[PDB]
Ligand code: CLA
Ligand code: CLA
Ligand code: CLA
Ligand code: CLA
Ligand SMILES: CC1=C(/C=C/C(C)=C/C=C/C(C)=C\C=C\C=C(C)\C=C\C=C(C)\C=C\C2=C(C)CCCC2(C)C)C(C)(C)CCC1
Ligand SMILES: CC1=C(C/C=C(\C)CCC[C@H](C)CCC[C@H](C)CCCC(C)C)C(=O)c2ccccc2C1=O
Ligand code: SF4
Ligand code: SF4
Ligand code: SF4
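Residue numbers (the deposited numbering), protein chains in the order written: chain A, 5 to 143; chain H, 13 to 751; chain B, 4 to 53; chain R, 513 to 585; chain F, 2 to 81; chain E, 2 to 70; chain U, 1 to 141; chain Z, 367 to 439; chain P, 1 to 39.
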């Protein structure tokens, strides 16, 4: 790449001497200045992010990426299977307006098995409905 | 004459888990997601839940107590933040140099940069509400008095909450107690307004006058005597004013002329602190107290003497007016919406009067020096007043639709005004178009004459000049008032009419505001926009019953989208949609009014002062020849003064930049709801329900788009929010940059 | 009676009001004697007057 | 230019969204499946059935015109 | 004038006739439903096209349709 | 030829419930055109704007219904 | 039928009443038989005193006449259900418009005819390709 | 600058008009009994998949391009 | 309080409690470990 790393960039070394303290820790700008030294910067002194998929820069993109891909899937599974187990109790409308909070807490805790449960639901056929029994719109 | 029912409603928490019980069509079940929006659209529509005039009135009374608890906990938060997290004693040590700040920000993500150096080592966000000058006018000295006032406010907040529960579930009054409108009127005149004015006159005599007198002498903090020590030792009060050695005895023998040393009629401003004289305001509140409690005995309740308002309304009938006000006493005591329309109209005009009076007669010490306090207090009270006037135009139409019975008021003023609705609106829109051409086409004409390189054909002062002779003559009368038509007054009513330049701490408090031809054109712009908003709201009031386009408008309701695409199209025909249009027109009217205020006061009034007498303003006098052009309003006002919002990053005024862009975002987001219609979004949402049904995740609450009235309501709400947030960020960042 | 504003030309269903600006004696003798309205003229003379 | 080219991909995808939704629901949908019988441009179908303002495919052109001006800006 | 066409899905619930504020719809006898009546629109020159009959109808995709055709003094609803 | 309370898919090709299942509430007498009263759980777009719900019951024919039980 | 018998109700006069279309193109006239001298709100604007007996009111549109008929049939305890709405031309001819069959349209009677009734569903409507240049409508043919 | 911006503002017009005449073709000049099971009818059979995926792509680009711009700002 | 448990489990109060818990753990993670552009 044509971008200089932050360990030897002159503009970044000129800008790191006066990084502003964000939190109440008075040495937060200095520890940020040595944390961002591993990244690479352009001709302005700001840390760019290599996103190509190379694992030497995976900490820029891929390591938070799959981290979000856990949590979103967690939320999605907690939002999905809960609806299935309120498809009938006596009336789903009030159970969607007010929350059956022990059932919701049970799904919220048990949602960390979501990807194996996703392959299990995809293989059992109870994930994707058929293309004919779905209430489509008229052509 | 008290009529109270005992335990009408049982106190129970089981109804809280069933939302939508107040209406008949909501308590069945949330079959559709629009029920959710209906749950908020009918939550306070107490006239649609009960239809007996007795249950709704006690529901209103307890709702007033709940809202009073909300105002008391808000006021408690202001006094608590002024006690704990402010610099009120530090600002009281040095009011001219350092700047007030009553909010400290937790440094978490880098927002510790919002705690700018406001002076004296204290960090925080500089407040622009200016209640510090209110506290110095009242007589606060240390933070413990603000803390105990916040504690007492929270006590009265819980007291008002207990009174609301007591007056709905324990001892609720009857309908005859609410319909005792003459007893309510004279109690509110004497015992609320006049007795409260007498209480503040007593506080201004005993607390606010001696503390501000010795603070104007130059006594440092932690050296002022405590406010009760002037009552505990009257010698400390008698050494400041000679009339306090005379005691109460000259007041009862009508020897009030010896009270002249501490109940003065000075007027103008105080030259030491840049506010109103505290002796002047003490005499003022005492006079308002006497006049209100005198007027608080006009209406008969139990002792024969007094005016029952029924024959007052009977007695006023002329040749043009038919049967006169015959029937209005039965209207205004049986319908809460007509009372709400009158009270919102007069509270809105009162709040605009408050804004228009708190800038030329600054009543607080060191208020006119702080330009940010003056600008923020003006524009905020202008906006609250304009909002309440639009609400008057709303509840007039709601009274017409659901609270107007035509069999009771025949040939009275309401029936006669509804009988010639065309002869009112067809002249109101004529004067709207005449003012529109003659206030905006003037601006286009001299914009074109300046763009065509001929400045001698403009409407400037050197060009064809439209001198506003009437207000200039009125300013001449106000300058000539003390000594000829107000002989016991020393100074004028204000120094904005004419007089000397008041300078306090190197800045200008108030100098005379001359009115050139630019003020002529912008006042006609103001009268034009006032006329158009008073056209949309008035033709929402009058044309809410029926019309010639659709004569069945009363049975369709107040809040309906349309009658259909027939008759060419009838969308936005209800009385609700006139409020929907009048909200934008109130936005446009008040935006131009506060723009005229900000530019005229920072070009012809504010600025620093020099010891030889010369005044240099903030924008160096731009309003004379450059406020007459639309390009002049864009270049010299909206481009030049927005640079303080633009270039303020990495500083204390950094949140105003990301509120400037935020307000632009909510404006642009409002355009999606305003421009589009529902059926597109319904045809799209049903496709997303298909994509959810493919994965068996489609909710049993039926998801569908907003109503048409809901789409217009969220469009006008985000429009007004985005425009007001943009103007708030611009006004605050500009006037905090200029000092 | 003493009411000065009444129905236009007797019938109260025409959308107009007999009013001291609309249908006073002075209005219907001044507007009715204006050149576009007074009787006994050719349109050439009344156009020449207008 | 990474972020701005994603912005132009946004404007292109949303304008294509409104236009393809207008073209494919030009014949009908769950609200009114007789839109072939009403024609291309017609105002609404009354306040009934929720209230179908901007139900025609002409009104999907209408919203997509604002998006084409927006992404070209 | 507009064209009010009434299809055979009508169940004779007579909601559309009492909803229309112009007296164009009227119930004629029929033998295809339980109520044994169907709405009919003879006075289509008085219909303004307000589609207030297409708000009170219980069938799926309501059995009465108002096709907005030509306009006139009656169909535009003008009092002048 | 349906009972009172059996699940059946709709093939109306112009209704709101097209492919959705419904329970036959009643089958009326012969001679009329659409005798099959079918009730659903999902209401359709019906009523004025801002109404809290719509209708679910509907008269359907015989040759446009696929029984699933 | 051809002659309108009635007296005008007590009304002061309004502005939303009969414009210049009445003496030029058409106007309408509602006639009803009252019971007492009550007060009714006319769709022109404001309230009016309904005269005792058979009274006649001239309006400008048919929708105002039917809105008054709705107000007469619902908002009174002596429900006036014997009103007749005529259409008056400036030539002098009077056309009996409503309830011209004699019975109200809300209930069924023998003597009417099914005008504008189709024998198909809306999903069975033809497509606009087969009649693309016939000049007709996709709903008519 | 003027020539580039003029031709882009022509191109955005012509793209919107191409899709508008596509919707006019689907209203007036499309018959499903002759275009049976071909690519046009099979395009119409899954329109709820097409415009929902365009809805997904539009929300995917929009939430995060605005998210990164507000984060940077 | 057989109704208070249902009122505290309605949709707005539960989504506000969940967003308060989410904002709480986000602010706490951003205080004890601030300024993390990457890993
Ligand atoms: C700045 C204004 C603005 C914004 C943000 C949007 C945004 C959007 N429009 Mg849009 N639109 C606008 C103006 C705007 N429009 C105008 C003027 C018109 C002309 C009438 C249209 C016409 C239009 C059509 C016709 C369609 C859209 C659609 C969309 C959505 C998908 C496109 C996208 O970029 O994904 C997402 C981008 C975003 C920026 C979403 C983020 C919004 C906020 C930031 C989310 C954060 C939550 C928020 C803070 C919660 C508030 C809390 C508060 C109560 C306290 C998106 C929500 C389409 C749609 O909804 O279907 C997919 C669609 O079909 N728009
Ligand atoms: C948790 C339930 C849930 C689930 C599993 C899904 C799943 C899906 N939605 Mg989605 N959606 C939901 C709720 C949900 N949605 C809600 C509540 C709304 C209204 C705001 C939407 C609005 C919405 C739109 C507008 C679109 C989707 C789309 C999609 C699909 C693509 C993924 C996506 O963009 O989602 C991202 C999700 C969102 C942008 C909105 C959801 C955000 C909330 C906060 C999620 C959590 C909801 C709920 C509070 C959790 C319940 C927990 C339970 C214990 C109570 C996917 C199948 C897209 C599509 O059609 O794909 C083809 C599409 O265009 N959704
Ligand atoms: C004394 C003040 C007062 C009172 C008592 C009422 C009382 C009433 N109004 Mg009302 N109104 C007022 C002032 C007032 N209004 C003003 C000043 C305006 C002009 C803006 C209006 C405009 C208005 C309209 C247009 C309508 C009413 C209606 C009603 C009735 C039902 C209320 C309802 O359902 O809302 C319940 C409460 C809400 C829906 C909450 C509204 C939330 C707003 C839109 C957002 C607030 C923005 C916020 C400040 C910014 C921060 C939020 C976010 C960014 C974090 C009720 C009798 C309705 C009615 O009678 O219909 C039959 C109706 O349609 N009012
Ligand atoms: C900037 C855009 C804009 C403009 C110019 C107007 C202008 C107007 N609105 Mg308006 N309006 C707007 C946006 C705008 N609106 C928006 C966004 C809303 C949404 C809430 C409304 C809502 C609204 C309502 C609800 C009402 C109006 C009304 C009016 C008219 C008031 C009469 C007047 O000012 O004299 C006329 C002034 C002008 C036409 C502008 C001056 C321009 C010059 C002098 C004229 C051009 C000179 C010459 C003819 C050029 C010749 C060239 C030749 C080739 C033709 C006026 C035409 C009211 C109305 O029509 O009744 C009075 C009314 O009731 N508006
Ligand atoms: C690695 C990487 C990359 C790449 C990527 C790609 C290329 C992508 C693709 C993508 C794709 C190609 C995709 C596909 C997909 C498809 C589908 C078909 C899906 C599925 C889904 C579903 C089915 C869902 C489900 C679920 C879940 C899972 C959870 C929650 C719930 C729900 C239900 C939502 C980049 C370069 C950027 C960067 C670097 C890194
Ligand atoms: C987008 C749009 C919709 C669709 C509107 C929708 C889908 C409403 C979106 C609501 C979502 C669920 C966001 C929730 C609203 C608030 C953000 C809720 C606050 C929640 C926080 C406090 C957690 C219409 O229905 C409409 C109708 C008429 C004219 C224009 C339009 C229109 O433009
Ligand atoms: S466009 Fe919408 S609001 Fe206007 S008439 Fe049609 S349905 Fe009603
Ligand atoms: S409302 Fe519909 S179902 Fe009822 S009679 Fe009229 S057309 Fe038939
Ligand atoms: S469009 Fe209006 S007038 Fe015509 S039939 Fe329907 S409801 Fe009656």
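Cβ coordinates follow ideal geometry from the N, Cα and C atoms, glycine included.
Discussion item. Can you check whether the C-beta of residue 48 of chain E is within less than 9 Å of a C-beta belonging to chain F?
Written reply: Mapped onto the sixth chain, residue 48 of chain E falls at position 47. Closer than 9 Å: yes.
Practice prompt. Tell me whether residue 142 of chain U sits in a helix, a strand or coil according to DSSP, three-state version.
Written response: Lying outside 1 to 141, the shown extent of chain U, residue 142 of chain U is not represented and no answer is given.
Worksheet item: With which residues is residue 135 of chain H paired in a DSSP beta bridge?
Response: As a working mapping, residue 135 of chain H is identified with position 123 in the second chain. Beta-bridge pairing links residue 135 of chain H to H/129.
Worksheet item: Hey, is residue 63 of chain U's beta-carbon within less than 9 Å of any beta-carbon in chain R?
Response: One-based indexing of the seventh chain puts residue 63 of chain U at position 63. It does not; no Cβ of chain R falls within 9 Å.
Worksheet item: At what residues does the alpha helix (DSSP H) containing residue 168 of chain H begin and finish?
Response: Numbered from its first residue, the second chain carries residue 168 of chain H at position 156. Residue 168 of chain H -> alpha helix (DSSP H) spans 155-177.
Item to complete: Give the residues of chain R in contact with residue 142 of chain A, contact being defined as C-beta atoms less than 9 Å apart.
Response: Numbered from 1 along the first chain, position 138 holds the residue referred to as residue 142 of chain A. Within chain R, the residues near residue 142 of chain A are 539, 540, 541, 542, 545.
Worksheet entry | Exposure label - residue 651 of chain H; buried when at least 16 CB within 10 Å | Here residue 651 of chain H refers to the residue found at position 639 when the second chain is read from its first residue. By the 10 Å Cβ count, residue 651 of chain H comes out exposed.
Fill in: Within-9 Å CB hit, residue 122 of chain U to chain E
Taking the seventh chain and counting its residues from 1, the one referred to as residue 122 of chain U is at position 122. Closer than 9 Å to some Cβ of chain E, the Cβ of residue 122 of chain U qualifies, so yes.
Practice prompt. Quick one: measure Cβ to Cβ for residue 555 of chain R and residue 573 of chain H, integer angstroms, because I've assumed they're closer than 8 Å.
Written response: Here the question's residue 555 of chain R lines up with position 43 in the fourth chain. Here the question's residue 573 of chain H lines up with position 561 in the second chain. Going by Cβ atoms, the distance from residue 555 of chain R to residue 573 of chain H rounds to 13 Å, so no, they are not a contact pair.
Worksheet item: Looking only at C-alpha atoms, which of H/480, H/291, H/521 sits nearest to residue 507 of chain H?
Response: As a first step, residue 507 of chain H is located in the second chain; it is residue number 495 there, counting from the start. The shortest Cα separation from residue 507 of chain H among H/480, H/291, H/521 belongs to H/521.
Worksheet item: If you count every other CB in all the chains shown that lies within 10 Å of the CB of residue 188 of chain H, and 16 or more means buried, which is it?
Response: Mapped onto the second chain, residue 188 of chain H falls at position 176. Exposed, since its Cβ has fewer than 16 Cβ neighbours within 10 Å.
Fill in: Closer than 9 Å to chain H by CB, residue 27 of chain P
Here residue 27 of chain P refers to the residue found at position 27 when the ninth chain is read from its first residue. Residue 27 of chain P counts as touching chain H.
Worksheet item: Given a limit of 7 Å on CB to CB distance, which residues of the region 54-87 of chain A reach chain P?
Response: 63, 64, 67, 68
Worksheet item: Taking Cβ positions only, does residue 51 of chain A come closer than 9 Å to chain H?
Response: If you number the first chain from 1, residue 51 of chain A lands on position 47. For residue 51 of chain A, the answer is no, since every Cβ of chain H falls outside 9 Å of its Cβ.
Worksheet item: Which stretch, first to last residue, makes up the alpha helix (DSSP H) that contains residue 70 of chain E?
Response: If you number the sixth chain from 1, residue 70 of chain E lands on position 69. Looking at the DSSP string, residue 70 of chain E is not in any alpha helix (DSSP H), and its letter there is neither H nor E.
Discussion item. Could you check whether residue 44 of chain U and residue 59 of chain U sit closer than 9 Å to each other, using their CB atoms as the reference points?
Written reply: If you number the seventh chain from 1, residue 59 of chain U lands on position 59. If you number the seventh chain from 1, residue 44 of chain U lands on position 44. Contact flag set, yes.
Worksheet entry | Buried or exposed (CB count within 10 angstroms, at least 16 for buried), residue 656 of chain H | The residue given as residue 656 of chain H occupies position 644 in the second chain. It is buried - the Cβ of residue 656 of chain H has at least 16 other Cβ atoms within 10 Å.
Worksheet item: So which residues on chain Z does residue 532 of chain R lean against when the C-beta distance must stay under 9 Å?
Response: Position 20 of the fourth chain, counting from 1, holds the residue named residue 532 of chain R. Near residue 532 of chain R (Cβ distances below 9 Å), the residues of chain Z are 385, 388, 413, 416, 417, 420.
Discussion item. Please report the distance separating the alpha-carbon of residue 121 of chain A from that of residue 10 of chain P.
Written reply: Working through the first chain from its first residue, we reach residue 121 of chain A at position 117. Working through the ninth chain from its first residue, we reach residue 10 of chain P at position 10. Whole-angstrom Cα-Cα distance: 28 Å.
Discussion item. How far does the alpha helix (DSSP H) with residue 651 of chain H in it extend, from its first residue to its last?
Written reply: One-based indexing of the second chain puts residue 651 of chain H at position 639. Per DSSP, residue 651 of chain H belongs to no alpha helix (DSSP H) and is neither H nor E.
Worksheet item: Do residue 322 of chain H and residue 433 of chain H have their CB atoms nearer than 9 Å?
Response: Looking up residue 322 of chain H in the second chain gives position 310. Looking up residue 433 of chain H in the second chain gives position 421. No, Cβ-Cβ distance for residue 322 of chain H and residue 433 of chain H is not below 9 Å.
Practice prompt. Determine whether the Cβ of residue 63 of chain E lies closer than 9 Å to any Cβ atom of chain U.
Written response: On the sixth chain, position 62 is the one that residue 63 of chain E refers to. With 9 Å as the cut-off, residue 63 of chain E does not count as an interface residue toward chain U.
Worksheet entry | Extent of the continuous alpha helix (DSSP H) to which residue 532 of chain H belongs | For the purposes of this step, residue 532 of chain H is taken as the residue at position 520 of the second chain. Element bounds for residue 532 of chain H: 529-554.
Worksheet entry | Whole-Å CB distance - residue 569 of chain H paired with residue 422 of chain H, under 8 Å assumed | Along the second chain, one-based indexing puts residue 569 of chain H at 557. Along the second chain, one-based indexing puts residue 422 of chain H at 410. With a Cβ gap of about 25 Å, residue 569 of chain H and residue 422 of chain H do not count as contacting.
Item to complete: State yes or no: is the C-beta of residue 40 of chain F nearer than 8 Å to some heavy atom of ligand 8?
Response: Locating residue 40 of chain F in the fifth chain gives position 39, counting from the first residue. Yes; taking the cut-off as 8 Å, the Cβ of residue 40 of chain F has a heavy atom of ligand 8 nearer than that.
Discussion item. Measuring only the C-alpha atoms, how far is residue 118 of chain H from residue 124 of chain H?
Written reply: Mapped onto the second chain, residue 118 of chain H falls at position 106. Mapped onto the second chain, residue 124 of chain H falls at position 112. Taking the straight line from one Cα to the other gives about 6 Å.
Worksheet item: Does the beta carbon of residue 294 of chain H fall short of 8 Å from some heavy atom of ligand 3?
Response: Looking up residue 294 of chain H in the second chain gives position 282. Flag unset: Cβ of residue 294 of chain H not near ligand 3.
Discussion item. Taking the alpha helix (DSSP H) that residue 31 of chain P belongs to, which residues open and close that run?
Written reply: The sequence position of residue 31 of chain P within the ninth chain is 31, counting from 1. Per DSSP, residue 31 of chain P belongs to the alpha helix (DSSP H) from 11-32.
Worksheet item: If you measure beta-carbon to beta-carbon, which residues of the region 33-46 of chain B are closer than 7 Å to chain H?
Response: none
Practice prompt. Could you pull the start and end residues of the alpha helix (DSSP H) that residue 122 of chain A belongs to?
Written response: Position 118 of the first chain, counting from 1, holds the residue named residue 122 of chain A. Its alpha helix (DSSP H) spans residues 118-128.
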